[PDB]
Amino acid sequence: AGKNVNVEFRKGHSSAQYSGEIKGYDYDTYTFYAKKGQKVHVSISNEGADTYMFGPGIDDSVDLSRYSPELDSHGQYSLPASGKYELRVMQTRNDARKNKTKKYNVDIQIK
């Protein structure tokens, strides 16, 4: 199925890059711990791979993709609470139903 990765920044740096490939309904998860008010910016090379974030103080999830209305002018989202957050990378249901695949590179920035 999908893979579950703990995001681990190089010390003194505020981003990390991952690559993956999702098949069908699989989703990959990128987990991290952060403080209320830190800003997250996620960019992904394949816009056919959705990027949604789950965690404390977030009802349901938030779309972090580049055109999402949840983002501010700098493409950032402010974490509403401190704790463990989960970025999920997944295909649309349409593509998942067709057992399509998405190769992707994702850059996760947390400041």
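Residue positions are given as counts along the sequence shown, with the first one as 1.
Enquirer: 99-107 versus 7-15: which one carries the higher mean Cα B factor per the record?
Expert: Looking at the record's C-alpha B-factors, the answer is 99-107.
Enquirer: If you average the CA temperature factors as listed in the entry, which stretch comes out higher, 83-91 or 17-25?
Expert: Of 83-91 and 17-25, the stretch with the higher C-alpha B-factor average is 17-25.
Enquirer: Out of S61, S68, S45, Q38, which shows the largest CA B-factor listed in the entry?
Expert: Across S61, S68, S45, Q38, the entry lists the biggest C-alpha B-factor for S45.
Enquirer: Sort the modelled residues of this chain by their C-alpha B factor and say whether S78 lands in the lowest, middle or highest third.
Expert: For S78, whose C-alpha B-factor we compare with every modelled residue in the chain, the answer is the middle third.
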